[PDB]
Amino acid sequence: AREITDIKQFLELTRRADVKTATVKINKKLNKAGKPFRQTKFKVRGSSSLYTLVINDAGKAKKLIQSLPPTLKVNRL
Amino acid sequence: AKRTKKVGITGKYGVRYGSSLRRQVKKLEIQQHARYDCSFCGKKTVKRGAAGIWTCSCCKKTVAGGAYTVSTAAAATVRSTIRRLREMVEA
Amino acid sequence: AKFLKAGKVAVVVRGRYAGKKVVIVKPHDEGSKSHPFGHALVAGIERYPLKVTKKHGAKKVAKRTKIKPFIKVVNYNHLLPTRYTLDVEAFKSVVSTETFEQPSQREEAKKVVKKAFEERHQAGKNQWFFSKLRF
Amino acid sequence: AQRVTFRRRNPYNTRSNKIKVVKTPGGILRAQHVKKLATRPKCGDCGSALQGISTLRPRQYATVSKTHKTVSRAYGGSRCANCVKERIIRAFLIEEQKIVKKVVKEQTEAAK
Amino acid sequence: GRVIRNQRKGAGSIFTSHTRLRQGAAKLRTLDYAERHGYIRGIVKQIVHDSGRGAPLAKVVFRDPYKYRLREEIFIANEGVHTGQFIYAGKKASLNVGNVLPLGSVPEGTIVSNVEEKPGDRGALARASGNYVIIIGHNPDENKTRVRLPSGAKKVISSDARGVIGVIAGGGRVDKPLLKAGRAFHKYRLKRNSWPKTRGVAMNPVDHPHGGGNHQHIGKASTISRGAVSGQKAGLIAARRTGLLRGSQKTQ
RNA sequence: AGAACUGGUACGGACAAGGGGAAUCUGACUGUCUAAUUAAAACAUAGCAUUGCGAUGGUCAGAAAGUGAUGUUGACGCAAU
RNA sequence: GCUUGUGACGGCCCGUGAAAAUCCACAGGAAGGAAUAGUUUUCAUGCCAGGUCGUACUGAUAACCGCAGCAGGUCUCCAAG
RNA sequence: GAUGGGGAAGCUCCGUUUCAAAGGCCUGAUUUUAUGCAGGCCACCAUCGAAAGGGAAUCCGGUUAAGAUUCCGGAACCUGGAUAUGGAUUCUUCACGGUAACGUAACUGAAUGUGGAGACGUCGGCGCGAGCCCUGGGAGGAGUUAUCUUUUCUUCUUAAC
């Protein structure tokens, strides 16, 4: 579906009582004219749409991945 | 540079259709495709679309007229007859 | 001479309030830094009061005689000046330069105009102004 | 160069059978059917296309929100600004002259 | 013998009019109380080209007085009318080109068109391009009026029948030679199946009475009596004078 | 477009691709037909002229009809030549 | 550069070159409505269902029609160096 | 092409809105009214008839001995219906901004009337886009290698929404 780029609202739709599954994807991409980095994508499967949240810095990944509720069945990689 | 001597627009028909028929056709197509002045805006923007319909490109004012002329000579006096006949009703 | 006075009644031909009459509160012939032209400060109304009859009674009369005003800056080129005049001796200091922007304080301007026009609509005062224009 | 074929069952090219060839992810050229083009809505008075209104097929207009179907003017999605602007002029001035017609009539007949 | 091309046009199999692109009949507004006692304000929205007609049409809208709606009317556009013109219909209508009035309401010298044979058929006479009928005298007694038809015939009709002032646009159309066969084909592709015409002398005796013979000659007398029978009315029908008529125009 | 050189003077090298002129008879031309022996100076075509008809009509159809074709027409039109 | 789509145009006409279902919008003001909350399901989200019929292959000097697997005929999209 | 009709001994023929009183429809009644009833109402006026005419909505990857835009996976949109959750609206009770063309996800609204789309000739050139064609660098594979060729061919792709 579409893509949303806000952290705070993203957690709201995780426990929105309609999301059953979610997936996380890792990509090793390039940037600018320098050395590459670690890139990750967080995907959430809704009832009629497939939301996503791309993050190009693994620094913010830690505090978010722990914030996922245990009741959410996550397909790691 | 006058490219063609005497046939102009009707020269597109080649050599066929005689000389008088082309010439008589030639006369009408000159004013059929010509540019007329508009009575509502006064511009050189009156052209013929369809048989006897004269439209103005600007202000979209379409005037009904002759098949090949905005105002045919056989009917220019018709409104002159009516207009001269109107005033006797009042005075 | 200059007939775009501070009590003049005009009609708006451009913008959201297209076809709704207004009253000129303050004219600006020399313009300003903002709106560098002949803008005019009007206080006209957006919703016209519906027609009332002898059969109407009590609450069905009060709701019909409801008026939703508005205050807006309009250029002279979007107005239709008339010879009509509306009594505006109430609200000199209501509509002014500071009345616009920070729309929180714009609200009370739209309130005093409504009540003032509510009083002026009762009885046969300015019947033409409060009649909806057919167009 | 790869060559494509029809996906529907009609073998003839018409306005309802327009074909655009697209580069499919699988590495092959696939024919993609295009729907017929939309036409701009037109003013009822001047006939010209009116701006500010979304252009789409007729039946599909039932899904778009009103923000693309109604400008905040009088005669919103039927007339276009200038036609409305002079419609106010024609209405205001003729009624203005009508009372002028009435006042002269009340004076001439009274002095008759 | 055989049925003839003139006989075969009665069954109407392939001779029907090509009435697909024709907007509609150009009949006048039906007479009503608002018309025979007063005048109605009305305006034409656009003028359109009809198929098979050399005269432009006019789409005039008349506000229904009985009910809240609009009625469109198809009028033959008299030359000199324009879109947005106020076309007036009724007794009290002024004398201007485009208005329709009964013949009894107009003084001597006026030429009109689309007049009614009877009071209410909504116009039968002088409907082609460039035609008009002249007012050549009134008959107040027994409410008649006689007029000059475009063919020169003088006919007397009721003063109550309506007619629209002015000549019809599209006149002078036949002054242009038709030149090509295709131009004739294009003209006749929308009117009827009456083109091209094959001479009866060329064909066989079965196909036409003129047919047969070792040469291209008619045979017996070509002129056919009016009291003849269908099947042989394929020549000069009740001809009065043949050859080049001599003398000037404007005959009595 | 031009200048030198060069090739047993070969060079649109294969394919591709107008014979031309003085006239005579006749149909003006484009076009059409005897699908299975006649493509024609035959038919058709624009042009010219004549005839009938103002609808309670002119021409034509039907066994009648409260039926039709021209006609969703009007003499600069329809119909017959 | 070829195929194709689209836009503003220009030329042509005594040819100016389809209808309806359907969908939407505007004028109008009926009717109802406040805050102790009434609308808002032509705003975002959530729930359910989408019935019947066809879907294989040829489409042509062997799958169709010409008694046959008969040099005949049969509509169309893509098309490189 | 069926009714109402008119012919015809008749099989049937004419017309199909024309000499037919030809229909359903929203508000209200509710609380035996089931749906009747009391008013506002509108009048269209059988049916058939073009899997290349108009037409609401989807694609990609893969999978059979023979199927796929139909099956598997993933990702969409439309229509009919029921119900809430969230947002906007409001004691200026049915929104604001911009001078304006107009915009902001929402941002009352019937009978009736009007307007737009559907809806659209052919030819000629021009502008722009896509598919393909030509080609440089680089990352791999295959071919030649008596002699020469930083050489030849090939993969480098992205959908509906």
# chains A, B, ... in the order shown; residues from 1 in each chain; ligands from 1
$ residues_around --residues "region 23-27 of chain B" --least-positions-apart "3" --cutoff "10 Å" --atoms "only C-alpha atoms (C1' of nucleotides)" --output "PyMOL selection string"
(chain B and resi 6-11+17-20+30-32) or (chain E and resi 175-179)
$ write_last_selection --atoms "N, CA, C and O atoms" --output "tab-separated table (two decimals), in the first residue's frame"
chain	number	residue	atom	x	y	z
B	6	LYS	N	-4.06	33.31	-63.25
B	6	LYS	CA	-5.47	33.70	-63.31
B	6	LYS	C	-6.46	32.75	-62.64
B	6	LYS	O	-7.63	33.12	-62.53
B	7	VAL	N	-6.04	31.57	-62.19
B	7	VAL	CA	-7.00	30.63	-61.61
B	7	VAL	C	-6.94	30.56	-60.09
B	7	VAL	O	-7.95	30.21	-59.46
B	8	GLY	N	-5.81	30.89	-59.47
B	8	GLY	CA	-5.72	30.96	-58.03
B	8	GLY	C	-6.22	29.74	-57.28
B	8	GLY	O	-5.66	28.65	-57.40
B	9	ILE	N	-7.29	29.91	-56.50
B	9	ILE	CA	-7.78	28.84	-55.64
B	9	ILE	C	-8.34	27.68	-56.46
B	9	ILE	O	-8.16	26.51	-56.09
B	10	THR	N	-9.02	27.96	-57.57
B	10	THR	CA	-9.62	26.88	-58.34
B	10	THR	C	-8.60	26.12	-59.18
B	10	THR	O	-8.96	25.12	-59.80
B	11	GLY	N	-7.35	26.58	-59.21
B	11	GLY	CA	-6.32	25.85	-59.92
B	11	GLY	C	-6.01	24.50	-59.33
B	11	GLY	O	-5.35	23.68	-59.99
B	17	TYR	N	-12.98	19.79	-65.50
B	17	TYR	CA	-14.18	20.55	-65.15
B	17	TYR	C	-14.34	21.82	-65.96
B	17	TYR	O	-15.03	22.75	-65.53
B	18	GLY	N	-13.72	21.90	-67.14
B	18	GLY	CA	-13.89	23.05	-68.00
B	18	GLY	C	-13.20	24.29	-67.46
B	18	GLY	O	-12.44	24.25	-66.49
B	19	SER	N	-13.48	25.42	-68.11
B	19	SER	CA	-12.91	26.70	-67.72
B	19	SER	C	-13.91	27.62	-67.05
B	19	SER	O	-13.56	28.30	-66.08
B	20	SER	N	-15.16	27.65	-67.53
B	20	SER	CA	-16.16	28.51	-66.91
B	20	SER	C	-16.63	27.93	-65.58
B	20	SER	O	-16.83	28.68	-64.62
B	30	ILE	N	-13.91	32.46	-53.09
B	30	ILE	CA	-13.12	33.58	-52.59
B	30	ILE	C	-13.76	34.18	-51.35
B	30	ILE	O	-13.09	34.44	-50.35
B	31	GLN	N	-15.08	34.40	-51.39
B	31	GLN	CA	-15.78	34.93	-50.24
B	31	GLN	C	-16.32	33.84	-49.32
B	31	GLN	O	-16.68	34.14	-48.17
B	32	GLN	N	-16.39	32.60	-49.79
B	32	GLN	CA	-16.79	31.50	-48.92
B	32	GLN	C	-15.77	31.27	-47.82
B	32	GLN	O	-16.13	31.04	-46.66
E	175	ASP	N	-26.03	28.39	-56.71
E	175	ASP	CA	-25.21	29.14	-57.65
E	175	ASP	C	-23.82	28.54	-57.82
E	175	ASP	O	-23.10	28.95	-58.74
E	176	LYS	N	-23.43	27.60	-56.97
E	176	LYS	CA	-22.13	26.95	-57.09
E	176	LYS	C	-22.27	25.66	-57.89
E	176	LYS	O	-23.06	24.79	-57.51
E	177	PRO	N	-21.55	25.51	-59.01
E	177	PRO	CA	-21.59	24.24	-59.74
E	177	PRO	C	-21.10	23.10	-58.86
E	177	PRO	O	-20.21	23.26	-58.03
E	178	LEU	N	-21.71	21.93	-59.05
E	178	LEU	CA	-21.45	20.80	-58.17
E	178	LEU	C	-20.20	20.02	-58.57
E	178	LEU	O	-19.75	19.16	-57.80
E	179	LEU	N	-19.62	20.32	-59.73
E	179	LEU	CA	-18.31	19.82	-60.14
E	179	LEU	C	-18.23	18.29	-60.17
E	179	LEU	O	-18.58	17.67	-61.18
$ select_by_dssp --residues "chain A" --states "strand (DSSP E or B)" --output "count of residues only"
23
$ interface_residues --of "chain D" --to "chain G" --cutoff "12 Å" --atoms "only C-alpha atoms (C1' of nucleotides)" --output "NGL selection string"
:D and (1-15 or 17-21 or 29-31 or 34 or 36-37 or 41-44 or 53-80 or 84)
$ select_by_dssp --residues "chain A" --states "helix (DSSP H, G or I)" --output "MDAnalysis selection string"
chainID A and resid 7:14 59:65
$ residues_around --residues "residue 87 (chain B)" --least-positions-apart "6" --cutoff "12 Å" --atoms "only C-alpha atoms (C1' of nucleotides)" --output "list in words"
residues 80 and 81 of chain B; 94, 95, 96 and 107 of chain E
$ residues_around --residues "residue 185 (chain E)" --least-positions-apart "3" --cutoff "9 Å" --atoms "only C-alpha atoms (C1' of nucleotides)" --output "list in words"
residues 180, 181, 182, 188, 189, 195 and 196 of chain E; 15 of chain G
$ write_last_selection --atoms "C-alpha atoms (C1' of nucleotides)" --output "PDB file, in the first residue's frame"
ATOM      1  CA  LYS E 180     -17.397  16.278 -59.106  1.00  0.00           C
ATOM      2  CA  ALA E 181     -19.442  13.093 -58.927  1.00  0.00           C
ATOM      3  CA  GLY E 182     -18.359  12.622 -55.315  1.00  0.00           C
ATOM      4  CA  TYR E 188     -27.164  12.623 -51.770  1.00  0.00           C
ATOM      5  CA  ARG E 189     -25.674  10.167 -49.249  1.00  0.00           C
ATOM      6  CA  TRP E 195     -28.604   9.117 -57.322  1.00  0.00           C
ATOM      7  CA  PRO E 196     -27.125   8.350 -59.767  1.00  0.00           C
TER       8      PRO E 196
ATOM      9  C1'   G G  15     -20.915  14.963 -46.914  1.00  0.00           C
TER      10        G G  15
END
$ interface_residues --of "chain C" --to "chain D" --cutoff "7 Å" --atoms "only C-alpha atoms" --output "PyMOL selection string"
chain C and resi 13-19+134-135
$ residues_around --residues "region 30-39 of chain C" --least-positions-apart "2" --cutoff "12 Å" --atoms "only C-alpha atoms (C1' of nucleotides)" --output "PDB file with N, CA, C and O atoms (P, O5', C5', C4', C3', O3' and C1' of nucleotides), in the first residue's frame"
ATOM      1  N   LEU C   4     -17.650  55.352  -3.230  1.00  0.00           N
ATOM      2  CA  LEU C   4     -17.365  54.131  -2.475  1.00  0.00           C
ATOM      3  C   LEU C   4     -17.157  54.498  -1.005  1.00  0.00           C
ATOM      4  O   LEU C   4     -16.054  54.445  -0.458  1.00  0.00           O
ATOM      5  N   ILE C  24     -19.941  48.108   2.723  1.00  0.00           N
ATOM      6  CA  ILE C  24     -18.561  48.580   2.780  1.00  0.00           C
ATOM      7  C   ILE C  24     -18.342  49.278   4.118  1.00  0.00           C
ATOM      8  O   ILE C  24     -18.939  50.322   4.388  1.00  0.00           O
ATOM      9  N   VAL C  25     -17.486  48.701   4.961  1.00  0.00           N
ATOM     10  CA  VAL C  25     -17.201  49.304   6.259  1.00  0.00           C
ATOM     11  C   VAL C  25     -16.108  50.357   6.138  1.00  0.00           C
ATOM     12  O   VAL C  25     -16.253  51.483   6.629  1.00  0.00           O
ATOM     13  N   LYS C  26     -15.001  50.014   5.485  1.00  0.00           N
ATOM     14  CA  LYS C  26     -13.895  50.950   5.334  1.00  0.00           C
ATOM     15  C   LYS C  26     -13.261  50.809   3.956  1.00  0.00           C
ATOM     16  O   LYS C  26     -12.746  49.736   3.615  1.00  0.00           O
ATOM     17  N   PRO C  27     -13.279  51.859   3.140  1.00  0.00           N
ATOM     18  CA  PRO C  27     -12.601  51.810   1.845  1.00  0.00           C
ATOM     19  C   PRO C  27     -11.163  52.296   1.927  1.00  0.00           C
ATOM     20  O   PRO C  27     -10.809  53.166   2.725  1.00  0.00           O
ATOM     21  N   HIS C  28     -10.324  51.710   1.073  1.00  0.00           N
ATOM     22  CA  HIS C  28      -8.906  52.057   0.986  1.00  0.00           C
ATOM     23  C   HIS C  28      -8.604  52.421  -0.466  1.00  0.00           C
ATOM     24  O   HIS C  28      -8.316  51.548  -1.288  1.00  0.00           O
ATOM     25  N   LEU C  41     -12.987  46.736   2.898  1.00  0.00           N
ATOM     26  CA  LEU C  41     -13.339  45.928   4.061  1.00  0.00           C
ATOM     27  C   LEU C  41     -14.859  45.863   4.161  1.00  0.00           C
ATOM     28  O   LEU C  41     -15.509  46.859   4.494  1.00  0.00           O
ATOM     29  N   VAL C  42     -15.426  44.692   3.879  1.00  0.00           N
ATOM     30  CA  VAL C  42     -16.870  44.512   3.890  1.00  0.00           C
ATOM     31  C   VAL C  42     -17.252  43.612   5.056  1.00  0.00           C
ATOM     32  O   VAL C  42     -16.439  42.846   5.581  1.00  0.00           O
ATOM     33  N   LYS C  72     -14.573  40.294   5.291  1.00  0.00           N
ATOM     34  CA  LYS C  72     -13.649  39.912   4.234  1.00  0.00           C
ATOM     35  C   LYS C  72     -13.135  41.164   3.538  1.00  0.00           C
ATOM     36  O   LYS C  72     -13.877  42.133   3.369  1.00  0.00           O
ATOM     37  N   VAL C  73     -11.865  41.136   3.149  1.00  0.00           N
ATOM     38  CA  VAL C  73     -11.276  42.189   2.330  1.00  0.00           C
ATOM     39  C   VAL C  73     -11.518  41.848   0.866  1.00  0.00           C
ATOM     40  O   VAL C  73     -11.186  40.747   0.413  1.00  0.00           O
ATOM     41  N   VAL C  74     -12.113  42.784   0.127  1.00  0.00           N
ATOM     42  CA  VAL C  74     -12.464  42.575  -1.274  1.00  0.00           C
ATOM     43  C   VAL C  74     -12.005  43.775  -2.090  1.00  0.00           C
ATOM     44  O   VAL C  74     -12.191  44.925  -1.680  1.00  0.00           O
ATOM     45  N   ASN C  75     -11.405  43.505  -3.247  1.00  0.00           N
ATOM     46  CA  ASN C  75     -11.013  44.565  -4.164  1.00  0.00           C
ATOM     47  C   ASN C  75     -12.243  45.200  -4.807  1.00  0.00           C
ATOM     48  O   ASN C  75     -13.298  44.573  -4.938  1.00  0.00           O
ATOM     49  N   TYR C  76     -12.098  46.470  -5.203  1.00  0.00           N
ATOM     50  CA  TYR C  76     -13.192  47.172  -5.870  1.00  0.00           C
ATOM     51  C   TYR C  76     -13.599  46.477  -7.163  1.00  0.00           C
ATOM     52  O   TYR C  76     -14.771  46.512  -7.555  1.00  0.00           O
ATOM     53  N   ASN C  77     -12.644  45.841  -7.842  1.00  0.00           N
ATOM     54  CA  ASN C  77     -12.926  45.178  -9.109  1.00  0.00           C
ATOM     55  C   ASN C  77     -13.781  43.930  -8.947  1.00  0.00           C
ATOM     56  O   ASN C  77     -14.184  43.346  -9.959  1.00  0.00           O
ATOM     57  N   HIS C  78     -14.062  43.507  -7.714  1.00  0.00           N
ATOM     58  CA  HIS C  78     -14.943  42.376  -7.452  1.00  0.00           C
ATOM     59  C   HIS C  78     -16.216  42.807  -6.731  1.00  0.00           C
ATOM     60  O   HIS C  78     -16.899  41.972  -6.129  1.00  0.00           O
ATOM     61  N   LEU C  79     -16.549  44.095  -6.786  1.00  0.00           N
ATOM     62  CA  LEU C  79     -17.710  44.644  -6.102  1.00  0.00           C
ATOM     63  C   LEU C  79     -18.574  45.410  -7.093  1.00  0.00           C
ATOM     64  O   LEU C  79     -18.103  45.870  -8.137  1.00  0.00           O
ATOM     65  N   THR C  97      -7.735  47.054  10.815  1.00  0.00           N
ATOM     66  CA  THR C  97      -6.545  46.322  10.393  1.00  0.00           C
ATOM     67  C   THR C  97      -6.215  45.192  11.359  1.00  0.00           C
ATOM     68  O   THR C  97      -5.883  44.078  10.936  1.00  0.00           O
TER      69      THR C  97
ATOM     70  P     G H  98      -7.358  35.113   4.594  1.00  0.00           P
ATOM     71  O5'   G H  98      -6.940  34.987   3.064  1.00  0.00           O
ATOM     72  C5'   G H  98      -5.621  34.611   2.700  1.00  0.00           C
ATOM     73  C4'   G H  98      -5.507  34.368   1.218  1.00  0.00           C
ATOM     74  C3'   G H  98      -6.203  35.381   0.325  1.00  0.00           C
ATOM     75  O3'   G H  98      -5.479  36.586   0.167  1.00  0.00           O
ATOM     76  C1'   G H  98      -6.733  33.213  -0.411  1.00  0.00           C
ATOM     77  P     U H  99      -6.228  37.988   0.392  1.00  0.00           P
ATOM     78  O5'   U H  99      -7.595  37.815  -0.406  1.00  0.00           O
ATOM     79  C5'   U H  99      -8.664  38.732  -0.237  1.00  0.00           C
ATOM     80  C4'   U H  99      -9.107  39.305  -1.559  1.00  0.00           C
ATOM     81  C3'   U H  99      -9.348  38.293  -2.670  1.00  0.00           C
ATOM     82  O3'   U H  99     -10.687  37.834  -2.639  1.00  0.00           O
ATOM     83  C1'   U H  99      -8.131  40.203  -3.472  1.00  0.00           C
TER      84        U H  99
END
$ closest_residue --among "C:11, C:94, C:133, C:40" --to "chain G" --atoms "only C-alpha atoms (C1' of nucleotides)"
C:133
$ interface_residues --of "chain H" --to "chain C" --cutoff "10 Å" --atoms "only C-alpha atoms (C1' of nucleotides)" --output "PyMOL selection string"
chain H and resi 92-93+96+98-102
$ write_last_selection --atoms "N, CA, C and O atoms (P, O5', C5', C4', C3', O3' and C1' of nucleotides)" --output "PDB file, in the first residue's frame"
ATOM      1  P     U H  92     -21.911  31.930  20.317  1.00  0.00           P
ATOM      2  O5'   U H  92     -21.898  32.315  18.771  1.00  0.00           O
ATOM      3  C5'   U H  92     -22.714  33.365  18.271  1.00  0.00           C
ATOM      4  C4'   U H  92     -22.590  33.493  16.773  1.00  0.00           C
ATOM      5  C3'   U H  92     -23.016  32.280  15.960  1.00  0.00           C
ATOM      6  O3'   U H  92     -24.419  32.212  15.769  1.00  0.00           O
ATOM      7  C1'   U H  92     -20.933  33.074  15.169  1.00  0.00           C
ATOM      8  P     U H  93     -25.302  31.149  16.589  1.00  0.00           P
ATOM      9  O5'   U H  93     -25.299  29.845  15.673  1.00  0.00           O
ATOM     10  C5'   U H  93     -26.247  28.812  15.892  1.00  0.00           C
ATOM     11  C4'   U H  93     -25.643  27.442  15.711  1.00  0.00           C
ATOM     12  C3'   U H  93     -25.709  26.864  14.304  1.00  0.00           C
ATOM     13  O3'   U H  93     -24.645  27.314  13.482  1.00  0.00           O
ATOM     14  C1'   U H  93     -26.445  25.245  15.874  1.00  0.00           C
ATOM     15  P     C H  96     -17.147  29.458   8.988  1.00  0.00           P
ATOM     16  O5'   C H  96     -15.626  29.442   9.460  1.00  0.00           O
ATOM     17  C5'   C H  96     -14.667  30.287   8.847  1.00  0.00           C
ATOM     18  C4'   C H  96     -13.328  29.607   8.714  1.00  0.00           C
ATOM     19  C3'   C H  96     -12.376  30.239   7.713  1.00  0.00           C
ATOM     20  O3'   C H  96     -11.673  31.339   8.263  1.00  0.00           O
ATOM     21  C1'   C H  96     -12.456  27.902   7.358  1.00  0.00           C
ATOM     22  P     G H  98      -7.358  35.113   4.594  1.00  0.00           P
ATOM     23  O5'   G H  98      -6.940  34.987   3.064  1.00  0.00           O
ATOM     24  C5'   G H  98      -5.621  34.611   2.700  1.00  0.00           C
ATOM     25  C4'   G H  98      -5.507  34.368   1.218  1.00  0.00           C
ATOM     26  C3'   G H  98      -6.203  35.381   0.325  1.00  0.00           C
ATOM     27  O3'   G H  98      -5.479  36.586   0.167  1.00  0.00           O
ATOM     28  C1'   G H  98      -6.733  33.213  -0.411  1.00  0.00           C
ATOM     29  P     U H  99      -6.228  37.988   0.392  1.00  0.00           P
ATOM     30  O5'   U H  99      -7.595  37.815  -0.406  1.00  0.00           O
ATOM     31  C5'   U H  99      -8.664  38.732  -0.237  1.00  0.00           C
ATOM     32  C4'   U H  99      -9.107  39.305  -1.559  1.00  0.00           C
ATOM     33  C3'   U H  99      -9.348  38.293  -2.670  1.00  0.00           C
ATOM     34  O3'   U H  99     -10.687  37.834  -2.639  1.00  0.00           O
ATOM     35  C1'   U H  99      -8.131  40.203  -3.472  1.00  0.00           C
ATOM     36  P     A H 100     -11.036  36.288  -2.856  1.00  0.00           P
ATOM     37  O5'   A H 100     -10.748  36.056  -4.400  1.00  0.00           O
ATOM     38  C5'   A H 100     -11.523  36.693  -5.404  1.00  0.00           C
ATOM     39  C4'   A H 100     -11.031  36.269  -6.758  1.00  0.00           C
ATOM     40  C3'   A H 100     -10.828  34.765  -6.890  1.00  0.00           C
ATOM     41  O3'   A H 100     -11.999  34.120  -7.364  1.00  0.00           O
ATOM     42  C1'   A H 100      -8.827  35.891  -7.474  1.00  0.00           C
ATOM     43  P     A H 101     -12.267  32.562  -7.084  1.00  0.00           P
ATOM     44  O5'   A H 101     -11.639  31.837  -8.353  1.00  0.00           O
ATOM     45  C5'   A H 101     -11.985  32.249  -9.667  1.00  0.00           C
ATOM     46  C4'   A H 101     -10.882  31.936 -10.642  1.00  0.00           C
ATOM     47  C3'   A H 101     -10.372  30.506 -10.604  1.00  0.00           C
ATOM     48  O3'   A H 101     -11.180  29.615 -11.349  1.00  0.00           O
ATOM     49  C1'   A H 101      -8.539  31.988 -10.530  1.00  0.00           C
ATOM     50  P     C H 102     -12.012  28.467 -10.594  1.00  0.00           P
ATOM     51  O5'   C H 102     -10.907  27.385 -10.220  1.00  0.00           O
ATOM     52  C5'   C H 102     -10.997  26.628  -9.024  1.00  0.00           C
ATOM     53  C4'   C H 102      -9.792  26.855  -8.149  1.00  0.00           C
ATOM     54  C3'   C H 102      -9.699  25.982  -6.908  1.00  0.00           C
ATOM     55  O3'   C H 102      -9.162  24.701  -7.184  1.00  0.00           O
ATOM     56  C1'   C H 102      -9.296  28.235  -6.318  1.00  0.00           C
TER      57        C H 102
END
$ interface_residues --of "chain H" --to "chain E" --cutoff "10 Å" --atoms "only C-alpha atoms (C1' of nucleotides)" --output "PDB file with N, CA and C atoms (P, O5', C5', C4', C3', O3' and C1' of nucleotides), in the first residue's frame"
ATOM      1  P     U H 112     -39.101  14.708  -8.714  1.00  0.00           P
ATOM      2  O5'   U H 112     -39.117  16.183  -9.318  1.00  0.00           O
ATOM      3  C5'   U H 112     -40.342  16.836  -9.624  1.00  0.00           C
ATOM      4  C4'   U H 112     -40.154  18.322  -9.799  1.00  0.00           C
ATOM      5  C3'   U H 112     -39.179  18.748 -10.884  1.00  0.00           C
ATOM      6  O3'   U H 112     -39.731  18.704 -12.188  1.00  0.00           O
ATOM      7  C1'   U H 112     -38.711  19.950  -8.917  1.00  0.00           C
ATOM      8  P     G H 113     -38.871  18.101 -13.402  1.00  0.00           P
ATOM      9  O5'   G H 113     -37.880  19.283 -13.799  1.00  0.00           O
ATOM     10  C5'   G H 113     -38.383  20.512 -14.300  1.00  0.00           C
ATOM     11  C4'   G H 113     -37.383  21.634 -14.159  1.00  0.00           C
ATOM     12  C3'   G H 113     -36.086  21.491 -14.940  1.00  0.00           C
ATOM     13  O3'   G H 113     -36.215  21.836 -16.308  1.00  0.00           O
ATOM     14  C1'   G H 113     -35.603  22.167 -12.733  1.00  0.00           C
ATOM     15  P     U H 114     -35.300  21.111 -17.412  1.00  0.00           P
ATOM     16  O5'   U H 114     -33.855  21.749 -17.202  1.00  0.00           O
ATOM     17  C5'   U H 114     -33.622  23.129 -17.445  1.00  0.00           C
ATOM     18  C4'   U H 114     -32.266  23.562 -16.945  1.00  0.00           C
ATOM     19  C3'   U H 114     -31.068  22.870 -17.578  1.00  0.00           C
ATOM     20  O3'   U H 114     -30.703  23.428 -18.829  1.00  0.00           O
ATOM     21  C1'   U H 114     -30.814  22.897 -15.227  1.00  0.00           C
TER      22        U H 114
END
$ closest_atom_pairs --of "chain H" --to "chain D" --cutoff "6 Å" --atoms "only C-alpha atoms (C1' of nucleotides)" --output "tab-separated table"
residue	atom	partner	partner_atom	distance
H:52	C1'	D:12	CA	5.3
H:115	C1'	D:44	CA	5.2
H:116	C1'	D:41	CA	5.6
H:117	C1'	D:58	CA	5.3
H:131	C1'	D:21	CA	5.8
H:157	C1'	D:27	CA	5.2
H:158	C1'	D:25	CA	3.8
H:159	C1'	D:24	CA	5.5
$ write_last_selection --atoms "C-alpha atoms (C1' of nucleotides)" --output "PDB file, in the first residue's frame"
ATOM      1  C1'   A H  52     -14.345  -5.442 -32.518  1.00  0.00           C
ATOM      2  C1'   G H 115     -25.753  21.502 -16.707  1.00  0.00           C
ATOM      3  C1'   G H 116     -21.514  18.169 -17.752  1.00  0.00           C
ATOM      4  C1'   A H 117     -19.487  13.185 -18.986  1.00  0.00           C
ATOM      5  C1'   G H 131       7.972   0.217 -26.599  1.00  0.00           C
ATOM      6  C1'   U H 157      14.576  -6.060 -15.531  1.00  0.00           C
ATOM      7  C1'   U H 158      10.321  -4.024 -12.679  1.00  0.00           C
ATOM      8  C1'   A H 159       4.073  -4.657 -12.950  1.00  0.00           C
TER       9        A H 159
END
$ interface_residues --of "chain G" --to "chain A" --cutoff "12 Å" --atoms "only C-alpha atoms (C1' of nucleotides)" --output "list in words"
residues 45, 46 and 47 of chain G
$ atom_distance --atom1 "CA of residue 51 (chain C)" --atom2 "CA of residue 64 (chain C)"
7.2 Å
$ residues_around --residues "region 83-88 of chain C" --least-positions-apart "4" --cutoff "10 Å" --atoms "only C-alpha atoms (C1' of nucleotides)" --output "list in words"
residues 3, 4, 5, 6, 7, 8, 9, 10, 22, 23, 24, 25, 43, 92, 113, 116, 117, 120, 125, 126, 128 and 129 of chain C
$ residues_around --residues "residue 228 (chain E)" --least-positions-apart "5" --cutoff "10 Å" --atoms "only C-alpha atoms (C1' of nucleotides)" --output "PDB file with C-alpha atoms, in the first residue's frame"
ATOM      1  CA  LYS E 233     -45.913   7.406 -65.991  1.00  0.00           C
ATOM      2  CA  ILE E 237     -46.285  13.924 -67.326  1.00  0.00           C
ATOM      3  CA  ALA E 238     -49.106  16.075 -68.744  1.00  0.00           C
TER       4      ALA E 238
END
